[PDB]
Amino acid sequence: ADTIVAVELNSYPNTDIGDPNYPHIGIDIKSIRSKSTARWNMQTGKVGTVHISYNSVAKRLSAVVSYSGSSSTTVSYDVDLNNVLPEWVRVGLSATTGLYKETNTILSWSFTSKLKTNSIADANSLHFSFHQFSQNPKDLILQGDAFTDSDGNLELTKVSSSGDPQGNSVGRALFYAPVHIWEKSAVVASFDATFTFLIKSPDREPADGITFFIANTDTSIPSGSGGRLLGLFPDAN
Amino acid sequence: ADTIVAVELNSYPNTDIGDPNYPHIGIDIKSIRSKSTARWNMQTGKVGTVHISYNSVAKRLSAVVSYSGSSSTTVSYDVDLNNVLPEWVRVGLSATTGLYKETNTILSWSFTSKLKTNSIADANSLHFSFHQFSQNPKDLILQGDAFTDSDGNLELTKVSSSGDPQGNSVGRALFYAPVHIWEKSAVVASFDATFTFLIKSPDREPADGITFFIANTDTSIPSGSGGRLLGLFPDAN
Amino acid sequence: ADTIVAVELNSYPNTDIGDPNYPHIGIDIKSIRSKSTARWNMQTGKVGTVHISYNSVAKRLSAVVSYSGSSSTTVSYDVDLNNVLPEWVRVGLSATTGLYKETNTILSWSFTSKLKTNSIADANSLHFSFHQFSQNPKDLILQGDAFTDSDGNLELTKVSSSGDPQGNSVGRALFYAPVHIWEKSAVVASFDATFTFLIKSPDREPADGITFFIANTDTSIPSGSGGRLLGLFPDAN
Amino acid sequence: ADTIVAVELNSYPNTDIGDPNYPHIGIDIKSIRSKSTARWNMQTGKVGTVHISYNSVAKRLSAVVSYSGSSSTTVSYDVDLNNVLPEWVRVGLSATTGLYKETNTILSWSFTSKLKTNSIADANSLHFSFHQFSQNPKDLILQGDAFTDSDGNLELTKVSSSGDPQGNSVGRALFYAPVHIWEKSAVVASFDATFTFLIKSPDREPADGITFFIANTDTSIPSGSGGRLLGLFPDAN
């Protein structure tokens, strides 16, 4: 199956599969069961920013979520991605709704990767930035119900004319060019990513969440991966 | 047909189709007949560097070619690419050999595009950089005889194990992701690029040349584009 | 005296010294008498963006000014800055008020410079970005009445408690590190800059303007350079 | 006293003050006694590369040192620089010789700092990159015997015309502009850096080492900091 490494912004607690009993941010390595988490003081109707970093020398993946004038929540996890992921991967963002729903609107997204070596000349580098989404992204791979709306916003899950989110939606958006995340002869490998989002919800318990994820080049939406599984995994093992 | 815009390093004079009678660097807008050229003091055996830029306000396309120690040769052409190219395109490099041959080895390649608006936040940006090539670049589209070797050098045209260049070869390598080169609402749209190449040849007169081109996303080696047509155009019109 | 190269956003027409009879943007090379201009459809109370570029191969300096949802004004000028400026320069922004006044509020500012050579390794590079100004910029050289306010905005000219601009004000802000803008052995030299501003004015004819300027490392405010002379030149020759 | 934070490439063991009995790379927080070290298989005569990173969320400081072909040696230390360093600082490199000597030649040097907030718009960013050094760098602060030579290499410590290293020399080179390393409102604050160096020595045991350090803006070679104290500290406390 697909090899996932993800940073999830889980807004709906599904304690039956391991979630903390509150909206949280967590680092997933190959399973929906976060190897580490932190409570996310989720504020709906407000735009949020997620910054994600990793460096093969520090072996530490970390993330943070902040709102304007609101403290940030942080989470980390020591891991050596060279043991988890294959050389060539493909990044993307995902989201879902189940019984309950929220808008999984991505307002911006950037990503940078380096494959350093002997000199100040990263043998490889890749960078992309979006401060607005095109009506027809020729450089995105939209999966499921994802789509860019009239305002140049990326909508990972179904939303209607009025702007009301729909339940039971799944959607992903992968960048088009596969990234070479590590090479045997590499000295350092880095990558940073940022994305902005707006989650608004009608029901008192919003669900389910958005994630930023790295995966094998051919990652496609798993069957039965909806709702609580955030379109990343088939089961909850 | 494909809508090409290229910068060529023509090593072989085909005076009968537009070439001056000497190695030259030219700018090609939709035809092999350069809208502008310059004498290139081609040095076989030395590694050379090519820089290329474009800024939709300055509306001028430039290109230099220098070798360590020896002087550079520049060439420009004022043009508004927003009228020549589609919004979405793919960038790439091509080379060819005809009756005569040379090695069309690419050692490094960068490219940066920025699509601005009302801030120091490019609504889009795209950057890639290669200082060595993977033996299976999953981010390059290799067309024709293009292949990356054991040394991590892109080889646009066939060479032998012993290193010898082969005749009659066409080769192209496009970056995988579509670049959003311009858009209606854009305020500024720019792009830079660099590549380093090494040309070697046993012939008294090496042929045919290397080009860095910008095409439509679905571009492909046109039939009968070998030799003097450098894998970009179907005929010499 | 100081060697100035500037892009001026002249809001007040001083026809007695060469200005067009309308607010305009112009490229100044060593004199307040713009070697080139364009009418700027100045909109007060609205934030504007100025993008400025230059490339030693294209020998063309260009600028553009846009507002959200308003067309842009462009201006250019072919020039070879290697003949105008010294190797080491120091960039900055300036503004003034004379009999009339406006707020010369800079909201952001970025700058990048390259000194390319034989390889994809710019022998030199410099880049700085500000999306907010520190209460005490240790990296700016504030000249005259310039100062960063409580909101992290840079105010080049006097403004009072209420936020009302004052007449007869001059102020500049130079970045701290001198930039190496060209070197004899350089193949290409580039630089791009962006800045955001907000001009608001009580009187019907706002004056005088803001400029982005490159100058000799020790550029200081010229005597009598106030009002119409934008703090750059002593006289109007 | 100066508040130093350094990464040292200690070539000479001064076991009596904290050094392991072998060439090592260490992280120094406010003292010559490394909070962490690693065996460095120092190779005289080969050019080496040092990469260093820090991310205030990951809160971990790392450093690698590799040579072409030979393996790299890494070293980290978890620390929150926001408690160790002032908001504004200057970066730099230092080196020294005592009874024994070696050449402390810096061939290249980059540095990038980013100070984030709520978007993919770093409220501040600063980047510089040198691939060769001007014979009169007006952007470097040279302290002690530091001097750039005819070949465009920074020489932290005295060498002769013939190239021979001299004993008892202290040398420092700081980038000119103050870096805003952190700020209260900041969400994320990171930094990367790279330098390439070449160490040569006639002595059976070369001394003393090179360091990349981060100090307070007004830093300066403390008296009696020669040799084993590598120009950073006044005493071995």
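Letters A, B, C and D mark the chains in the order given here, with residues in each chain numbered from 1 onward.
Here, a residue touches a chain if its C-beta (ideal position, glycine included) is under 8 Å from a C-beta of that chain, and two chains touch if they have at least 3 such contacts.
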From the options B-D, A-C or C-D, the pair that copies A-B, where over half of the contact pairs coincide: C-D
Chain pair, C-D or A-D, that carries the greater number of C-beta contacts: A-D
Rounded Å distance between chain A and chain D, as computed from the means of their C-alpha atoms: 36
For chain B, residues contacting two or more additional chains: 117, 119-121, 129, 131
Residue ranges of chain C in contact with chain A within the complex: 120-121
Complex interface listing, chain A residues touching chain B: 88, 117, 121-132, 134, 138-139, 175-180, 183, 217
Residues on chain C engaged by chain B in the complex (per definition of touch): 47-49, 51, 53, 55, 57-58, 60, 62-64, 66-68, 72, 74, 76, 108-110, 116-120, 129, 131, 187-188, 190, 192, 194-196
